[PDB]
>>> print(open('protein23.cif').read())   # mmCIF, C-alpha atoms and all ligand atoms; chains and numbers go by the auth columns
data_start
#
loop_
_atom_site.group_PDB
_atom_site.id
_atom_site.type_symbol
_atom_site.label_atom_id
_atom_site.label_comp_id
_atom_site.label_asym_id
_atom_site.label_seq_id
_atom_site.Cartn_x
_atom_site.Cartn_y
_atom_site.Cartn_z
_atom_site.B_iso_or_equiv
_atom_site.auth_seq_id
_atom_site.auth_asym_id
ATOM 1 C CA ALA A 1 100.528 88.476 86.262 0.00 1 C
ATOM 2 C CA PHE A 2 100.795 92.126 85.478 0.00 2 C
ATOM 3 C CA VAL A 3 104.156 93.225 83.982 0.00 3 C
ATOM 4 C CA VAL A 4 106.044 96.572 84.347 0.00 4 C
ATOM 5 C CA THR A 5 107.478 97.630 80.983 0.00 5 C
ATOM 6 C CA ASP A 6 109.843 100.209 79.470 0.00 6 C
ATOM 7 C CA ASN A 7 108.421 103.550 80.481 0.00 7 C
ATOM 8 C CA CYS A 8 108.927 102.925 84.194 0.00 8 C
ATOM 9 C CA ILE A 9 112.686 103.041 83.692 0.00 9 C
ATOM 10 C CA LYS A 10 114.142 106.313 84.966 0.00 10 C
ATOM 11 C CA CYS A 11 110.632 107.455 86.012 0.00 11 C
ATOM 12 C CA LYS A 12 109.964 105.041 88.911 0.00 12 C
ATOM 13 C CA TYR A 13 106.998 106.919 90.358 0.00 13 C
ATOM 14 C CA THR A 14 106.050 104.144 92.756 0.00 14 C
ATOM 15 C CA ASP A 15 102.316 105.126 92.835 0.00 15 C
ATOM 16 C CA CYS A 16 101.565 101.473 91.865 0.00 16 C
ATOM 17 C CA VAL A 17 102.711 100.026 95.157 0.00 17 C
ATOM 18 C CA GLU A 18 99.892 101.808 97.130 0.00 18 C
ATOM 19 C CA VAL A 19 97.177 99.873 95.638 0.00 19 C
ATOM 20 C CA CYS A 20 98.778 96.333 95.543 0.00 20 C
ATOM 21 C CA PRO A 21 96.910 94.063 98.019 0.00 21 C
ATOM 22 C CA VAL A 22 99.753 91.499 98.029 0.00 22 C
ATOM 23 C CA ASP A 23 102.926 93.514 97.902 0.00 23 C
ATOM 24 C CA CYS A 24 104.436 92.003 94.872 0.00 24 C
ATOM 25 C CA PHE A 25 106.623 94.882 93.597 0.00 25 C
ATOM 26 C CA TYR A 26 110.421 94.570 93.952 0.00 26 C
ATOM 27 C CA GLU A 27 112.630 97.546 93.740 0.00 27 C
ATOM 28 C CA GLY A 28 115.661 98.359 91.629 0.00 28 C
ATOM 29 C CA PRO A 29 117.689 101.577 91.298 0.00 29 C
ATOM 30 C CA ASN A 30 115.594 102.987 88.468 0.00 30 C
ATOM 31 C CA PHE A 31 112.784 100.540 87.757 0.00 31 C
ATOM 32 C CA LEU A 32 110.254 98.352 89.606 0.00 32 C
ATOM 33 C CA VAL A 33 109.119 94.825 88.675 0.00 33 C
ATOM 34 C CA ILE A 34 106.043 92.728 89.694 0.00 34 C
ATOM 35 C CA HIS A 35 106.695 89.234 90.994 0.00 35 C
ATOM 36 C CA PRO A 36 104.599 86.965 88.762 0.00 36 C
ATOM 37 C CA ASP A 37 103.841 84.135 91.227 0.00 37 C
ATOM 38 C CA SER A 38 102.664 86.482 93.841 0.00 38 C
ATOM 39 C CA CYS A 39 100.534 88.772 91.664 0.00 39 C
ATOM 40 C CA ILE A 40 96.841 87.944 91.850 0.00 40 C
ATOM 41 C CA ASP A 41 95.917 89.891 88.652 0.00 41 C
ATOM 42 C CA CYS A 42 93.543 92.220 90.475 0.00 42 C
ATOM 43 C CA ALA A 43 94.558 94.927 87.938 0.00 43 C
ATOM 44 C CA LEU A 44 94.398 97.727 90.453 0.00 44 C
ATOM 45 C CA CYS A 45 97.942 98.966 89.717 0.00 45 C
ATOM 46 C CA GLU A 46 97.619 99.693 86.077 0.00 46 C
ATOM 47 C CA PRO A 47 95.314 102.740 86.363 0.00 47 C
ATOM 48 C CA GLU A 48 97.734 104.088 89.021 0.00 48 C
ATOM 49 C CA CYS A 49 100.946 104.214 86.968 0.00 49 C
ATOM 50 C CA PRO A 50 101.470 107.841 85.680 0.00 50 C
ATOM 51 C CA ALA A 51 103.884 106.445 83.080 0.00 51 C
ATOM 52 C CA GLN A 52 101.265 103.914 81.969 0.00 52 C
ATOM 53 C CA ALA A 53 103.933 101.279 82.076 0.00 53 C
ATOM 54 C CA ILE A 54 101.975 98.385 83.646 0.00 54 C
ATOM 55 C CA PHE A 55 100.232 95.759 81.406 0.00 55 C
ATOM 56 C CA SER A 56 98.468 92.531 81.902 0.00 56 C
ATOM 57 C CA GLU A 57 100.854 89.828 80.732 0.00 57 C
ATOM 58 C CA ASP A 58 98.522 89.044 77.843 0.00 58 C
ATOM 59 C CA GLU A 59 98.482 92.625 76.672 0.00 59 C
ATOM 60 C CA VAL A 60 102.243 93.439 76.749 0.00 60 C
ATOM 61 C CA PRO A 61 102.958 95.068 73.333 0.00 61 C
ATOM 62 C CA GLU A 62 104.854 92.863 70.827 0.00 62 C
ATOM 63 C CA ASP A 63 107.940 95.039 71.093 0.00 63 C
ATOM 64 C CA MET A 64 107.933 94.772 74.932 0.00 64 C
ATOM 65 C CA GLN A 65 107.722 91.028 75.308 0.00 65 C
ATOM 66 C CA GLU A 66 111.155 90.911 76.894 0.00 66 C
ATOM 67 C CA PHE A 67 109.768 92.608 79.932 0.00 67 C
ATOM 68 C CA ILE A 68 107.630 89.567 80.952 0.00 68 C
ATOM 69 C CA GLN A 69 110.674 87.368 81.628 0.00 69 C
ATOM 70 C CA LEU A 70 112.605 90.364 82.942 0.00 70 C
ATOM 71 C CA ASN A 71 110.013 90.983 85.688 0.00 71 C
ATOM 72 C CA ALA A 72 110.279 87.336 86.561 0.00 72 C
ATOM 73 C CA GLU A 73 114.086 87.336 86.820 0.00 73 C
ATOM 74 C CA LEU A 74 114.634 90.631 88.571 0.00 74 C
ATOM 75 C CA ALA A 75 111.913 89.933 91.106 0.00 75 C
ATOM 76 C CA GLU A 76 113.966 87.068 92.354 0.00 76 C
ATOM 77 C CA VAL A 77 116.910 89.391 93.085 0.00 77 C
ATOM 78 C CA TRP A 78 115.568 92.775 93.986 0.00 78 C
ATOM 79 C CA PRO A 79 114.145 93.807 97.440 0.00 79 C
ATOM 80 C CA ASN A 80 110.393 94.069 98.095 0.00 80 C
ATOM 81 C CA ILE A 81 109.038 97.609 98.075 0.00 81 C
ATOM 82 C CA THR A 82 105.752 98.248 100.013 0.00 82 C
ATOM 83 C CA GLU A 83 105.704 102.107 100.508 0.00 83 C
ATOM 84 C CA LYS A 84 105.424 104.794 97.823 0.00 84 C
ATOM 85 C CA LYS A 85 108.400 107.082 97.676 0.00 85 C
ATOM 86 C CA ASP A 86 109.227 110.144 95.663 0.00 86 C
ATOM 87 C CA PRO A 87 109.637 109.850 91.898 0.00 87 C
ATOM 88 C CA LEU A 88 113.188 109.797 90.525 0.00 88 C
ATOM 89 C CA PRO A 89 114.323 113.464 90.143 0.00 89 C
ATOM 90 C CA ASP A 90 114.111 113.826 86.437 0.00 90 C
ATOM 91 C CA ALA A 91 111.150 111.487 86.119 0.00 91 C
ATOM 92 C CA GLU A 92 109.068 113.577 83.716 0.00 92 C
ATOM 93 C CA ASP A 93 111.912 114.394 81.372 0.00 93 C
ATOM 94 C CA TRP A 94 112.181 110.640 80.773 0.00 94 C
ATOM 95 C CA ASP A 95 108.442 109.782 80.875 0.00 95 C
ATOM 96 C CA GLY A 96 107.526 108.912 77.342 0.00 96 C
ATOM 97 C CA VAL A 97 111.073 108.431 76.002 0.00 97 C
ATOM 98 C CA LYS A 98 111.142 105.152 74.089 0.00 98 C
ATOM 99 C CA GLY A 99 113.920 102.567 74.287 0.00 99 C
ATOM 100 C CA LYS A 100 114.841 103.059 77.980 0.00 100 C
ATOM 101 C CA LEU A 101 115.861 99.468 78.520 0.00 101 C
ATOM 102 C CA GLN A 102 119.510 100.338 77.686 0.00 102 C
ATOM 103 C CA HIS A 103 119.383 102.498 80.814 0.00 103 C
ATOM 104 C CA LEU A 104 118.192 99.840 83.258 0.00 104 C
ATOM 105 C CA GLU A 105 120.452 99.401 86.291 0.00 105 C
ATOM 106 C CA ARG A 106 120.691 96.136 88.204 0.00 106 C
HETATM 107 S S1 LIG B . 97.660 93.364 89.440 0.00 201 Y
HETATM 108 FE FE1 LIG B . 97.225 93.608 91.694 0.00 201 Y
HETATM 109 S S2 LIG B . 98.389 91.926 92.713 0.00 201 Y
HETATM 110 FE FE2 LIG B . 99.306 92.322 90.632 0.00 201 Y
HETATM 111 S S3 LIG B . 100.992 93.756 91.012 0.00 201 Y
HETATM 112 FE FE3 LIG B . 99.108 94.822 90.345 0.00 201 Y
HETATM 113 S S4 LIG B . 98.131 95.566 92.236 0.00 201 Y
HETATM 114 FE FE4 LIG B . 99.562 93.840 92.807 0.00 201 Y
HETATM 115 S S1 LIG B . 106.566 104.321 86.622 0.00 202 Y
HETATM 116 FE FE1 LIG B . 107.039 102.346 87.594 0.00 202 Y
HETATM 117 S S2 LIG B . 107.349 102.530 89.845 0.00 202 Y
HETATM 118 FE FE2 LIG B . 105.162 101.937 89.346 0.00 202 Y
HETATM 119 S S3 LIG B . 103.934 103.787 89.201 0.00 202 Y
HETATM 120 FE FE3 LIG B . 104.716 103.200 87.156 0.00 202 Y
HETATM 121 S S4 LIG B . 105.246 101.050 87.258 0.00 202 Y
#
>>> encode(input="protein23.cif", output="structure tokens")
Amino acid sequence: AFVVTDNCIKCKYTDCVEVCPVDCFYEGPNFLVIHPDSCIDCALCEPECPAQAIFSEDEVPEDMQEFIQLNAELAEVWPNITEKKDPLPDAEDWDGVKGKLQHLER
């Protein structure tokens, strides 16, 4: 499974959903997650993220390990997203800010 990590929060570009063959992204107010069961590990999404927030599960940085289980839990509750949409308004002010997990909205 590929995992979306911290830098997606408050950026939410949605470029990643274009390339997914299996539509495994689920949408929250200010973040996206990948559903782990459904992901086929094709890796096509991680070159597409402008925030460079997507990682193969086995490459998630040590300080972002929480995101692996988070993608798994939130994917069970959030709606499926299959079309790109516009980035959140202030997306590049927040792109690159560390520690955005305190800002995640359910
Ligand atoms: S690795 Fe492929 S199947 Fe998994 S979320 Fe990314 S684009 Fe979809
Ligand atoms: S910022 Fe997030 S919405 Fe997709 S394109 Fe990157 S993982």
>>> residues_near_ligand(input="protein23.cif", ligand="ligand LIG 202 (chain Y)", cutoff="12 Å", atoms="all atoms listed in the file", output="tab-separated table (two decimals) with C-alpha atoms, keeping the file's coordinate frame")
chain	number	residue	atom	x	y	z
C	2	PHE	CA	100.80	92.13	85.48
C	3	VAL	CA	104.16	93.22	83.98
C	4	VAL	CA	106.04	96.57	84.35
C	5	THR	CA	107.48	97.63	80.98
C	6	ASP	CA	109.84	100.21	79.47
C	7	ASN	CA	108.42	103.55	80.48
C	8	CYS	CA	108.93	102.92	84.19
C	9	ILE	CA	112.69	103.04	83.69
C	10	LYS	CA	114.14	106.31	84.97
C	11	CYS	CA	110.63	107.46	86.01
C	12	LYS	CA	109.96	105.04	88.91
C	13	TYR	CA	107.00	106.92	90.36
C	14	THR	CA	106.05	104.14	92.76
C	15	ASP	CA	102.32	105.13	92.84
C	16	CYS	CA	101.56	101.47	91.86
C	17	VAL	CA	102.71	100.03	95.16
C	18	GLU	CA	99.89	101.81	97.13
C	19	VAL	CA	97.18	99.87	95.64
C	20	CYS	CA	98.78	96.33	95.54
C	24	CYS	CA	104.44	92.00	94.87
C	25	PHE	CA	106.62	94.88	93.60
C	26	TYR	CA	110.42	94.57	93.95
C	27	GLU	CA	112.63	97.55	93.74
C	28	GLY	CA	115.66	98.36	91.63
C	29	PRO	CA	117.69	101.58	91.30
C	30	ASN	CA	115.59	102.99	88.47
C	31	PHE	CA	112.78	100.54	87.76
C	32	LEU	CA	110.25	98.35	89.61
C	33	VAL	CA	109.12	94.82	88.68
C	34	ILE	CA	106.04	92.73	89.69
C	44	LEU	CA	94.40	97.73	90.45
C	45	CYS	CA	97.94	98.97	89.72
C	46	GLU	CA	97.62	99.69	86.08
C	47	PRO	CA	95.31	102.74	86.36
C	48	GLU	CA	97.73	104.09	89.02
C	49	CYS	CA	100.95	104.21	86.97
C	50	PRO	CA	101.47	107.84	85.68
C	51	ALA	CA	103.88	106.44	83.08
C	52	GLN	CA	101.26	103.91	81.97
C	53	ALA	CA	103.93	101.28	82.08
C	54	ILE	CA	101.98	98.38	83.65
C	55	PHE	CA	100.23	95.76	81.41
C	71	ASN	CA	110.01	90.98	85.69
C	81	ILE	CA	109.04	97.61	98.08
C	82	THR	CA	105.75	98.25	100.01
C	83	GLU	CA	105.70	102.11	100.51
C	84	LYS	CA	105.42	104.79	97.82
C	85	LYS	CA	108.40	107.08	97.68
C	86	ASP	CA	109.23	110.14	95.66
C	87	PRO	CA	109.64	109.85	91.90
C	88	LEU	CA	113.19	109.80	90.52
C	91	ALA	CA	111.15	111.49	86.12
C	92	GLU	CA	109.07	113.58	83.72
C	94	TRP	CA	112.18	110.64	80.77
C	95	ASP	CA	108.44	109.78	80.88
C	96	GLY	CA	107.53	108.91	77.34
>>> closest_residue(input="protein23.cif", among="C:57, C:65, C:1, C:78", to="residue 41 of chain C", atoms="all atoms listed in the file")
C:1
>>> axis_aligned_box(input="protein23.cif", around="ligand LIG 201 (chain Y)", padding_each_side="6 Å", output="AutoDock Vina command-line options")
--center_x 99.1 --center_y 93.7 --center_z 91.1 --size_x 15.8 --size_y 15.6 --size_z 15.4
>>> atom_distance(input="protein23.cif", atom1="atom CA of residue 106 of chain C", atom2="atom CA of residue 59 of chain C")
25.3 Å
>>> atom_distance(input="protein23.cif", atom1="atom CA of residue 38 of chain C", atom2="atom CA of residue 100 of chain C")
26.0 Å
>>> closest_residue(input="protein23.cif", among="C:80, C:69, C:61, C:104", to="ligand LIG 201 (chain Y)", atoms="only C-alpha atoms and all ligand atoms")
C:80
>>> closest_residue(input="protein23.cif", among="C:79, C:99, C:89, C:21", to="ligand LIG 201 (chain Y)", atoms="all atoms listed in the file")
C:21
>>> closest_residue(input="protein23.cif", among="C:75, C:63, C:58, C:23", to="residue 35 of chain C", atoms="only C-alpha atoms")
C:75
>>> closest_residue(input="protein23.cif", among="C:37, C:62, C:73, C:93", to="ligand LIG 201 (chain Y)", atoms="all atoms listed in the file")
C:37
>>> atom_distance(input="protein23.cif", atom1="atom CA of residue 43 of chain C", atom2="atom CA of residue 66 of chain C")
20.3 Å
>>> build_atoms(input="protein23.cif", residues="segment 40-72 of chain C", atoms="N, CA and C atoms", output="tab-separated table (two decimals), in the coordinates of the input")
chain	number	residue	atom	x	y	z
C	40	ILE	N	98.11	88.63	91.98
C	40	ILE	CA	96.84	87.94	91.85
C	40	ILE	C	96.05	88.53	90.69
C	41	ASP	N	96.61	89.38	89.81
C	41	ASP	CA	95.92	89.89	88.65
C	41	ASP	C	94.65	90.68	88.93
C	42	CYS	N	94.63	91.34	90.07
C	42	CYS	CA	93.54	92.22	90.48
C	42	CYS	C	93.41	93.47	89.62
C	43	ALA	N	94.46	93.80	88.85
C	43	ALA	CA	94.56	94.93	87.94
C	43	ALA	C	94.47	96.27	88.54
C	44	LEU	N	94.54	96.41	89.85
C	44	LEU	CA	94.40	97.73	90.45
C	44	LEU	C	95.53	98.71	90.20
C	45	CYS	N	96.74	98.17	89.92
C	45	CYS	CA	97.94	98.97	89.72
C	45	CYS	C	97.96	99.59	88.38
C	46	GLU	N	97.37	99.02	87.33
C	46	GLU	CA	97.62	99.69	86.08
C	46	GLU	C	96.93	101.00	85.81
C	47	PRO	N	95.77	101.38	86.37
C	47	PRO	CA	95.31	102.74	86.36
C	47	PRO	C	96.19	103.70	87.16
C	48	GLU	N	96.95	103.22	88.15
C	48	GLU	CA	97.73	104.09	89.02
C	48	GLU	C	99.07	104.51	88.47
C	49	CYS	N	99.65	103.82	87.48
C	49	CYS	CA	100.95	104.21	86.97
C	49	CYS	C	100.88	105.50	86.18
C	50	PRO	N	101.49	106.63	86.52
C	50	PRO	CA	101.47	107.84	85.68
C	50	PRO	C	102.17	107.59	84.36
C	51	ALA	N	103.18	106.72	84.30
C	51	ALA	CA	103.88	106.44	83.08
C	51	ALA	C	103.17	105.48	82.19
C	52	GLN	N	102.03	104.95	82.64
C	52	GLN	CA	101.26	103.91	81.97
C	52	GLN	C	102.13	102.77	81.47
C	53	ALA	N	102.97	102.31	82.38
C	53	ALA	CA	103.93	101.28	82.08
C	53	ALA	C	103.47	99.91	82.49
C	54	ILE	N	102.38	99.72	83.23
C	54	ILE	CA	101.98	98.38	83.65
C	54	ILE	C	101.00	97.74	82.68
C	55	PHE	N	101.13	96.46	82.32
C	55	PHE	CA	100.23	95.76	81.41
C	55	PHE	C	99.96	94.40	81.96
C	56	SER	N	98.79	93.90	81.65
C	56	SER	CA	98.47	92.53	81.90
C	56	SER	C	99.42	91.76	81.02
C	57	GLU	N	99.96	90.66	81.51
C	57	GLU	CA	100.85	89.83	80.73
C	57	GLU	C	100.42	89.56	79.29
C	58	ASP	N	99.14	89.32	79.13
C	58	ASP	CA	98.52	89.04	77.84
C	58	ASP	C	98.24	90.25	76.98
C	59	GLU	N	98.63	91.42	77.45
C	59	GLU	CA	98.48	92.62	76.67
C	59	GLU	C	99.79	93.39	76.47
C	60	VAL	N	100.93	92.81	76.88
C	60	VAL	CA	102.24	93.44	76.75
C	60	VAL	C	102.43	93.65	75.27
C	61	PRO	N	102.76	94.83	74.76
C	61	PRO	CA	102.96	95.07	73.33
C	61	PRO	C	103.95	94.08	72.77
C	62	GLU	N	103.94	93.77	71.49
C	62	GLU	CA	104.85	92.86	70.83
C	62	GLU	C	106.31	93.27	71.01
C	63	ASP	N	106.56	94.56	70.89
C	63	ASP	CA	107.94	95.04	71.09
C	63	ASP	C	108.32	95.14	72.57
C	64	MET	N	107.51	94.72	73.56
C	64	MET	CA	107.93	94.77	74.93
C	64	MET	C	107.92	93.42	75.57
C	65	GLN	N	107.80	92.36	74.77
C	65	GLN	CA	107.72	91.03	75.31
C	65	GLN	C	108.85	90.60	76.19
C	66	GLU	N	109.97	91.27	76.12
C	66	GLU	CA	111.16	90.91	76.89
C	66	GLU	C	110.86	91.22	78.32
C	67	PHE	N	110.03	92.23	78.56
C	67	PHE	CA	109.77	92.61	79.93
C	67	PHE	C	109.09	91.56	80.77
C	68	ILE	N	108.31	90.62	80.20
C	68	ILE	CA	107.63	89.57	80.95
C	68	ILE	C	108.64	88.72	81.65
C	69	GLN	N	109.66	88.20	80.98
C	69	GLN	CA	110.67	87.37	81.63
C	69	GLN	C	111.55	88.25	82.47
C	70	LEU	N	111.78	89.50	82.12
C	70	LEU	CA	112.60	90.36	82.94
C	70	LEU	C	111.99	90.58	84.31
C	71	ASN	N	110.69	90.79	84.39
C	71	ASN	CA	110.01	90.98	85.69
C	71	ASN	C	110.20	89.76	86.51
C	72	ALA	N	110.13	88.60	85.88
C	72	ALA	CA	110.28	87.34	86.56
C	72	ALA	C	111.68	87.15	87.13
